[PDB]
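S.K.: following this: a sequence and the matching experimental structure.
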Amino acid sequence: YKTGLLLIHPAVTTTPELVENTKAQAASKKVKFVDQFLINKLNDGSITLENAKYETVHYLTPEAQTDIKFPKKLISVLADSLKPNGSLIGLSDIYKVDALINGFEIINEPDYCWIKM
């Protein structure tokens, strides 16, 4: 069974629907998400939980606005909590070059992510 991460921006995910869905996908399979990081509370410094076994990552932010999403410094802090089979289910087009330089390996298998080694 797998121990992972769910990382959420509150705007769509403060109602129960996206939270129940990510939990439904994990639950009918064999993952459970344990560690809940909000975008404003992680950037402020409230949640520091482990530096190791979350090696399955989901980022649910709303993707209908065309504005910019995430800082590079939090991608380096998120990578520091993982191991060579880290597997990100996240981040889009600018983040391709960001995955390259931070040490992620971007695999396009249509849950589109990045597996850090």
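M.R.: Perfect, I can see it now. Numbering: from 1, shown residues only.
S.K.: what's the neighbour count on residue 4?
M.R.: Applying other C-beta atoms under 10 Å, we find 19 residues neighbouring residue 4. Heads up, the C-betas are built off the backbone N, CA and C, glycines and all.
S.K.: please apply the same query to residue 106.
M.R.: 16.
S.K.: same question, residue 26
M.R.: Neighbours of residue 26 using other C-beta under 10 Å come to 17.
S.K.: kindly report the same for the one 10 residues further on.
M.R.: When neighbours are defined as other C-beta under 10 Å, residue 36 has 14 of them.
S.K.: how near is it to residue 108?
M.R.: 28 Å (C-beta to C-beta, to the nearest Å).
S.K.: go on, residue 49?
M.R.: 30 Å.
S.K.: so which of those two has more stuff around it?
M.R.: Remark: of residue 49 and residue 108, residue 49 carries more neighbours, 12 against 9, as counted by other C-beta under 10 Å.
S.K.: that one contacts residue 41, doesn't it?
M.R.: No. Assessed by C-beta atoms under 8 Å, residue 49 is found out of contact with residue 41, at 11.6 Å.
S.K.: bridging residues for residue 33?
M.R.: Beta-bridge pairing for residue 33 (DSSP bridges): residue 4.
S.K.: how about the closest residue to residue 62 other than its chain neighbours, secondary structure?
M.R.: Nearest residue to residue 62, sequence neighbours excluded (C-beta to C-beta, 6 or more residues apart in numbering): residue 12, at 4.4 Å. Following DSSP: H, G, I helix; E, B strand; the rest coil, residue 12 is assigned to helix.
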